[PDB]
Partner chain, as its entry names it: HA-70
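Listed next as structure tokens is one chain, alone, in the form solved without its partner chain.
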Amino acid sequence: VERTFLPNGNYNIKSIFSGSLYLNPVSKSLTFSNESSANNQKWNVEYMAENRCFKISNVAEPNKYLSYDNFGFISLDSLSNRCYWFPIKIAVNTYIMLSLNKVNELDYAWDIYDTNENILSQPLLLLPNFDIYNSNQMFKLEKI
């Protein structure tokens, strides 16, 4: 049953810089890669009602969740309070993804660096957020 603006289930995750690149783990980083049609590009999104946040686990590795490390990178890790995400829906399928917790007493958010709209080989980072207008912090969640 739906509690929020973003149903539970399996999603592909994409940067607005590309409709053909998909979030998956490469080694310990997260990155956007060519369509593989495999489970490592499928992400299970799950609402946690107690604290109004979302947990996002990889379906090829169901006990690993999107998290962050002490070096500024998004990571795939065991459950902890770092796995809680607070989305801001800014369009039909487009979201900004804040860490639930203030980091360095600011909002921090998923962030993918681009070079003239190219993101190939870029790791997904966790960086300060100030508003809803940063292209490098906009991501699409597609039901699939």
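Numbering follows the first chain given and starts at 1. Between two forms, the rigid core is defined as the largest C-alpha subset superposing within 1.5 Å. Residues that one form lacks are left out of the comparison.
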**Report entry** 21-29 or 122-130, whichever carries the higher mean Cα B-factor
**Finding:** 21-29
Query raised in the report: With respect to the recorded C-alpha B factors, which stretch has the higher mean value, 103-111 or 48-56?
Result: 48-56
Query raised in the report: Can you tell me which third, lowest, middle or highest, the CA B-factor of residue 136 falls into for its chain?
Result: lowest
Requested in this report: Would you check the entry's CA temperature factor for residue 76 and let me know if it's in the chain's lowest, middle or highest third?
Outcome: middle
Report summary line: The third of the chain into which the C-alpha temperature factor of residue 83 falls is the middle
Report task. Could you say whether, by C-alpha temperature factor, residue 94 belongs to the lowest, middle or highest third of its chain? Result -> middle
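Heads up, the form deposited with its partner chain bound isn't pictured, but that's what we're talking about next.
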Query raised in the report: Is there any non-hydrogen atom of residue 61 lying within 4.5 Å of its partner chain in the entry with it bound?
Result: no
Query raised in the report: in the entry with it bound, does residue 141 have a heavy atom within 4.5 Å of its partner chain?
Result: no
Query raised in the report: Is residue 117 close enough to touch its partner chain in the entry with it bound, meaning at least one heavy atom pair within 4.5 Å?
Result: yes
Requested in this report: May I ask you to state whether residue 91 is within 4.5 Å of its partner chain in the entry with it bound, using heavy atom distances?
Outcome: yes
Requested in this report: Have a look at 88, 48, 79, 103 and give me the residue whose C-alpha moves 2 Å or more between this form and the one not shown, with the fit done on the rigid core.
Outcome: 103
Report summary line: Core-superposed, runs of 3+ residues with CA shift of 2 Å or more between this form and the one not shown span 2-4, 103-105
